[PDB]
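Notes to accompany the following structure.
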Amino acid sequence: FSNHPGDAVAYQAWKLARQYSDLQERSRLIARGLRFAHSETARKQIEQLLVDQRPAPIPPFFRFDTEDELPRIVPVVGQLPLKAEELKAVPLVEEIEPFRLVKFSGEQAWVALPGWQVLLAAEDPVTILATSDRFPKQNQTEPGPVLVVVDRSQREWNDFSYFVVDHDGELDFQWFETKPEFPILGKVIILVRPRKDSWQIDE
Amino acid sequence: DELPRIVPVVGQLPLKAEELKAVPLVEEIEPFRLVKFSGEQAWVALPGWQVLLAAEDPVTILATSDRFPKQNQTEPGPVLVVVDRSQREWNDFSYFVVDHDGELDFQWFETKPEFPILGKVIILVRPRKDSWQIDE
Amino acid sequence: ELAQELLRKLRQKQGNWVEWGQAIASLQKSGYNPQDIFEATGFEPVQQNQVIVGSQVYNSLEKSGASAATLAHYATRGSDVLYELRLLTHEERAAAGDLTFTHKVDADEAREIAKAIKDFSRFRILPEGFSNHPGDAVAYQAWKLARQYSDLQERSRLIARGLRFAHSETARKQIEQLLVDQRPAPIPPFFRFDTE
Amino acid sequence: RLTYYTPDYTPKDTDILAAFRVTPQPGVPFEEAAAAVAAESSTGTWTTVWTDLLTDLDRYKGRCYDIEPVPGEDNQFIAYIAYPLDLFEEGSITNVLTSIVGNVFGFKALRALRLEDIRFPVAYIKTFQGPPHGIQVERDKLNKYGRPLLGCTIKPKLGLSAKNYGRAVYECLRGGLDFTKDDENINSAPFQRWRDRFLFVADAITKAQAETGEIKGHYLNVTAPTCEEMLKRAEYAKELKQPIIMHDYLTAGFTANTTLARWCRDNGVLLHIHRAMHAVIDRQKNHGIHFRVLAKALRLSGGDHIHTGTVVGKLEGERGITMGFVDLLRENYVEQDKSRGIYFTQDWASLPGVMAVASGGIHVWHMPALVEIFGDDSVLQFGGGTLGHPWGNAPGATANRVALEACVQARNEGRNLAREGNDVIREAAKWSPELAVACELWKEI
Amino acid sequence: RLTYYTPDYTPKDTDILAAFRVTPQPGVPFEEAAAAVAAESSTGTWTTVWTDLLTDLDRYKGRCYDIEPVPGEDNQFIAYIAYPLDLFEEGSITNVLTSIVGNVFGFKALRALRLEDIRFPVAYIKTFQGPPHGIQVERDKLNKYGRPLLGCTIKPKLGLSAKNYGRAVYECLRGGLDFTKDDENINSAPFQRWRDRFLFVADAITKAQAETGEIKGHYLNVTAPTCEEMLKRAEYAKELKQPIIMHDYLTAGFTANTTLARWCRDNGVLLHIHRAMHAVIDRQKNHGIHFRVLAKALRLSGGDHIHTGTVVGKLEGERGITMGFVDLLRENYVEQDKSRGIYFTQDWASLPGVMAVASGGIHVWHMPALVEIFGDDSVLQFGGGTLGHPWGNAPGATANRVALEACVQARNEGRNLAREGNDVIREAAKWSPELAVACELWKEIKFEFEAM
Amino acid sequence: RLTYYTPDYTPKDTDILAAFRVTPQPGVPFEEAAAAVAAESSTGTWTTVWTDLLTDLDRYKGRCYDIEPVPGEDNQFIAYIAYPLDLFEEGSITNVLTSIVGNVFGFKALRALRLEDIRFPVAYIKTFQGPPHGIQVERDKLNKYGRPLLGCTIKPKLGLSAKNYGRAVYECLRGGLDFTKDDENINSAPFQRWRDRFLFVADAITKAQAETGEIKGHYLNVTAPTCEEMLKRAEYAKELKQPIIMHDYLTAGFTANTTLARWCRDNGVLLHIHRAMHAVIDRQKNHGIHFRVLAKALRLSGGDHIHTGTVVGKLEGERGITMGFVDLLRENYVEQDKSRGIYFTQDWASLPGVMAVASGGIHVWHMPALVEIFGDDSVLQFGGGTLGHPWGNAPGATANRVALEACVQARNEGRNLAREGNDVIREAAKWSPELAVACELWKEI
């Protein structure tokens, strides 16, 4: 399509004719495109629309979403009980742009977690699989499985949060009233427990 | 809301037919959908797009947008491509991965058993501040 | 007189609508007014009229040779459709019933067919190539109406109907003729003997 | 000036379409005559002015899109004209008439001219209330289903006291008829005044409806010299909690009648329409407006009944024309049929239908034919010709209810009224001595 | 602009307080986001001008006084904002909405935003009529004490003649129910016109009441295109000596409802409110306005009934939320309980309470739960899901009435409806053949208790 | 129950058509979800009853006739539903909303749901007044042709005495703007009462219109707790012979606004519509109602202006969506274009158009863009963001009239505002020292 006005009008008619998927509904718009098209390059584009030999199916494109945040893949050191040594061994993950890939050669376990601002904020995160009775009892609910995420690059003490500590060659979660000499390997940032006849309107 | 999913990545196209077939099926370990693996591998966490969650065996391939038909004016860029290996029945409205004499490529033919359908293309995805003014 | 059995059955919706029509007509002829019948049983006077005349029409279906598929279907639905055929005679009803049942005709479409049949029955010497089968009568209407339109696109609704409805092969031709647009016999310049 | 004849043009679903029967002068070409009719109905003779250079107003031109000569006839043709929706005032038949039939009948270049039909588009129709109540709603209000309704004409036409009129009404209602009629001429007069008649008729109704267990009504004639007075009389009927009133819509006119129709819906009173002075406009086949149009106009400027005349003394040709406009009054979709005189397919957009009123010199013997031709949705007005019943009005009424119930019963059984029609009545007369004296007084047919 | 975040400020007993659920854009600090809603709902995002000499207008500044991050959530908080009494027009919900939820929901700097609650102060509440009549006043007008009231849904929803609707209404009342609903969508229409409907419904109520000796009433729908028309229909209802009418408040709008509620007190007609188009505003947990607020709003612009939906196929998180706003509609004082979704203590200053209306897929077997959950002050609206009674409407009514008398009777003895609820109806069905046919038409349910 | 999914069905010219963006729960087939949306909007969950055997009412069923998955998106589809004309009350947006958006948003079987567009058929549209006055008529009344109109926002928003408000209004009118605005929040309040503000604003208008020779107006906010009070305030503006008033149609609602619109035509006062509390309903792309619908609804329940927001700080994608509904507000025929978010071709049946109001943090430098994008039929509301003019309101006004006259003059010559836009203003600023101080205060773009 050139910048001749006739082409511009034929382009409009083209663009609008493509949304209609039945050839009878496409007749007003083709007839216009032909009446108005000035270049022969345009007039073809219009003429293409007359067929209904199957075309190139529009491929299943999904959109890079900048609206929502993307997931983060997190390494899993295993189920507690565990050694300080096994958490120390899992390397820092390097996300390979542009699709945030993660490549690794040894043996490892992985999880995809949602993109939570805290988790994205974490410089070095690692997963530990424990039970809810490793922390204080919160409400009446019975001890269940919990997934714990820790940031290894957050080791500065405070009285309002929990930390992973090297309990003489063993991993443990505890909190501190007074700042300790016991080794802290990271800070607990996320705990998470595991994750129909109603066509009835809420009137 | 949805569960995000970890998907295996066979490498950057160009690639060989065995490379894809050497990638094992992933077993997600309940309750937290973990994935343990021993060899060398690459991974990506995608969103839980319902088609992906539906996919019994999905695999990722890193290629450029010009491997498929040109859709709009935009220049050829990188694309992440997901394929379901457990969808190998033909149809005229989708793309597949096929058997191109020692490797595969992405193609839009409607009657093709001669080349094996290794898998079906389910997802294509391209890569991923000053106003408190109100919409009045 | 236990006639409360009729009322009890009517209230509890025992049986089909033709039963109800007969029950209500028995009650009506037995000194009940329609408000009385409505207080005792859920049937409105307008619904009482629908089923009394509907059942009367249904009597004409079985006494004049409707197919057993038609009588089976109209046993438990289509009182509204049969009410539109009330205009037609005891004899006319049975064929009309078959036709309405065959074509899955709603009450609105039934009224249209009943008109076409009633229109046709006033002809002493029948239009040429059309029998007194209801399907022919409907095809004749569609024929007659299609002839005033002189452009073939405007004639499409009416041909499609004529084909759907025509029963004899003599009629179906008359309909088929209308598809051409080889020039015809021009209508000659007739002027009228004026008695005015 | 032949910018108004464009036969290429396809009329829109929103256009108003007119069918005129044009009878041009000798030597006048059909193409000009047609283009004159469109230019004089829609825009006028176009007056070119300096303004035309700047902006053009041609979208508001009416236009002839088809020209079809009438076979059998002397130099005659049907001009099919199409006017856009924007020409007309919403809900005004007054305007429709003013634009379409306003000036165009006064040429010299035409010998004659007649408006045969108007296609009212759905999007124009939806701007009218239409009938205050439908056929359906009226039956619901009156609790009368499955049969024609029966009305009475009081006699003599004129000269009776209000109290006499009311006594005459009482009997004819008491004896089994559903309605009684105020004669079209009867608005307030020295021999009888409008309030006295309304009061005594309401007395009569009450008593007759009490004794018989059936809703009764009388068409009280609110026709009047002014809108003020028309509504004054409507209001007293409403105050007497009356079911139905009447109005001579042609003599009073459309602005007045549209007022009354809406008042009728607002106050839930039925509206019986009389068509006095229709024959001035719709008789001559060469010039005027076919009743067909006037009936459509009354459906839009509201009515619940309308006099359609009778089809008993009229030949097969007129019978089909009569039953065409009866269908335009009562049905929702009416297919184009030119043998019946319907020039356009009229789609009514769920506007309620008007009940057709049959009247003339009809008596008990006509019943089988009337039930056959018209159907259930109609009103049968007896006491119209040189016909009395020698026992009174109430025996006379009994004769026609018994007769109508007999034919309606018969029809529903499956009997043929076309052939057993006369038999049905003689059978009925065996047990009803009121029908027996009636049967002997008029010859059957 | 951070003169609107003042956490050291204690809110006044005369302040209107809001509880917004703020979900800022990633990167946006809570403090700025909190102070954005304060400024863009209360006064302008301050436009400094040369008139800073005349203009110390700090008095009309709405402000965030507490910022409380929602636990269990992705970067989300509750902004507790306080607006002074003078901002608002007296007796005007329309202004309350315009001021608070007016433009602030259309930021870009927030991902999403939901108004959870409003503390209406006593001094502001005294400027509203509120419900035309109380719960108590309604029960005195009708002579109906000690039980839930029973309503009936006419079916099919659409298409019935006016006369049909009236015959339908006659039975459903005649068979033992108190009210019959006019469908929300049923305002005047080509298939059925309002004056005809109103007329024939009146013929029915008259008859059914006479025969039964209980005050019957139908929710006639005065919802309409214009105030002119709405009031015209209210007036015709009133002219037909009608006990009650209904009105689609959200669709029609608060200006038009407040007019109707006042008209309703002036003519002593009961007002049945329908909440159509609530789910557009009050469903998504991240963005909109909680029904809680729309319930409080309807109590101020008046109403006597309001639909609260049902609490039967909904979990104990959502039950607590539903019975939190049923507490706000009916009670005089409602203590701050955040587990239930009540963000502020609400003192109603003796404003009349609205009766909560339960409607849904409910049938005879739901009775014991409904009587237990809601209590006496409620209206139970049957005929609403995929359910018919195969004998007619009056039989279907009789079933529910017999069912309700049974449970109310049972509870008053001391019987536990929690466990013995289904036995009570079974017992009832032995003598009532109408309840028998009903009981067997729907599967019953027993007990699946709670925990918290 | 899948009697409501009939993809064979062709929608009629009289049907109302809805386009919902359905986001069903995982495992819910699209065919069911679609049929649920039609059954819950039109008829409900269908309650089978003994009545169904006798007569069937299926013609009033709404139905999904097409089901089109949204490309780019997560398990998402557009349900195209078609309801017949008879479902709806003539002239009631209140009913339209009640039926279409009434219950269907409250499923559990859907995750989310959003109404994107409604096709109002011509025969339904013709039952609405629409805007009290058009774009055209408004220009005729105000004697303002060939350019955008200019309005002013008074500051601060709240707290000013009535007399202060009126003085602030006087200047901004005196300095060359056409309108001034009552802030949406401003209805009667303790700091300022509605009659005092109406009186002093009318003083201001009179004086400012006298001194300048141009018709001035102020959008006096008649928004109010009751219909009684709304109209009371309308009436005082009418008594002060005012040209224009305003109304927050969403907060006050559609029953109330339709009353006011017709009152506005009856008394010949212009109606400026504010859309407060639109963002509650039309922001989230998964669930709600697109402003597009709300704008159509305001065109039917009347308005002469409407706030459409701005397109200066928003990307190419939203720009096209904004300019789609602006065309639905202002044009008579709008072609279906799904890239702009228009799901149906909307034919308005010669209903007058609403002027689009642009507002936000706009200042003199935005002028070239606004004139370019919107065109002449619009209203430009300055003083909306963190922006003052340090000399006063009247110098601030002068700056924006001079700027607008410059761009409009420039555009008519043939200059390109897209590229010379900034040049046009600097040229204008050389002779106007009011624009010179303004130009230096805000950075150009």
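Chain labels run A, B, ... following the order of the structure tokens; each chain numbers its residues from 1, and ligands are numbered from 1 in the order shown.
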
(message) I'd like the neighbourhood of residue 79 (chain A) as a list in words, where a residue qualifies if any of its atoms comes within 8 Å (using only C-alpha atoms), though same-chain residues fewer than 2 positions away should be ignored.
(response)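 That gives residues 77, 81, 82, 128, 129 and 130 of chain A.
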
(message) Need to verify the contact set: region 47-50 of chain F, 7 Å, only C-alpha atoms, exclusion of same-chain residues closer than 4 positions in sequence. Can you return it as JSON, numbers by chain?
(response) {"E": [155, 156, 385, 386, 387, 388, 390]}

Which residues come within 9 Å of residue 42 (chain B), counting only C-alpha atoms, excluding same-chain residues fewer than 2 positions away, as a short mmCIF file (atom, residue, chain, number, x, y, z; two decimals) with N, CA, C and O atoms, in the first residue's frame?
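As written to disk, result_7.cif reads:
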```
data_model
loop_
_atom_site.label_atom_id
_atom_site.label_comp_id
_atom_site.auth_asym_id
_atom_site.auth_seq_id
_atom_site.Cartn_x
_atom_site.Cartn_y
_atom_site.Cartn_z
N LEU A 101 15.84 -18.50 31.15
CA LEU A 101 16.18 -19.93 31.21
C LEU A 101 17.11 -20.20 32.39
O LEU A 101 17.78 -19.30 32.88
N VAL A 102 17.16 -21.46 32.82
CA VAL A 102 18.11 -21.91 33.83
C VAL A 102 18.67 -23.24 33.35
O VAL A 102 17.92 -24.20 33.16
N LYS A 103 19.99 -23.27 33.14
CA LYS A 103 20.72 -24.47 32.75
C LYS A 103 21.58 -24.94 33.91
O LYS A 103 22.16 -24.12 34.63
N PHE A 104 21.64 -26.26 34.10
CA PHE A 104 22.41 -26.86 35.20
C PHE A 104 22.80 -28.30 34.84
O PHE A 104 22.03 -29.02 34.19
N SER A 105 24.00 -28.70 35.28
CA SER A 105 24.63 -29.95 34.84
C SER A 105 24.53 -31.12 35.83
O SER A 105 24.31 -32.25 35.41
N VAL B 7 8.93 -26.23 32.64
CA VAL B 7 8.94 -26.95 31.35
C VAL B 7 10.38 -27.17 30.89
O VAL B 7 11.19 -26.24 30.96
N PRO B 8 10.72 -28.41 30.42
CA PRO B 8 12.08 -28.66 29.92
C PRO B 8 12.42 -27.94 28.62
O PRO B 8 11.57 -27.83 27.73
N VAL B 9 13.66 -27.48 28.52
CA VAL B 9 14.17 -26.81 27.33
C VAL B 9 15.23 -27.68 26.65
O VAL B 9 16.36 -27.79 27.14
N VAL B 10 14.85 -28.30 25.54
CA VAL B 10 15.82 -28.71 24.52
C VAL B 10 16.33 -27.40 23.88
O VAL B 10 15.57 -26.44 23.77
N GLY B 11 17.60 -27.37 23.47
CA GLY B 11 18.34 -26.12 23.17
C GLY B 11 17.84 -25.17 22.09
O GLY B 11 16.67 -25.21 21.69
N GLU B 40 22.28 -33.37 32.53
CA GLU B 40 22.31 -31.95 32.15
C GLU B 40 20.97 -31.60 31.52
O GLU B 40 20.43 -32.35 30.71
N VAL B 44 12.66 -23.73 32.10
CA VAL B 44 11.99 -22.44 32.22
C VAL B 44 10.69 -22.62 33.01
O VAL B 44 10.00 -23.64 32.87
#
```

(message) One number please: CA of residue 148 (chain D) to CA of residue 376 (chain D), in Å, one decimal.
(response) 4.5 Å

(request) When you get a sec, could you note down which chain B residues fall within 8 Å of chain F, using only C-alpha atoms, as a ChimeraX atom specification? (result) /B:49-51,133-136
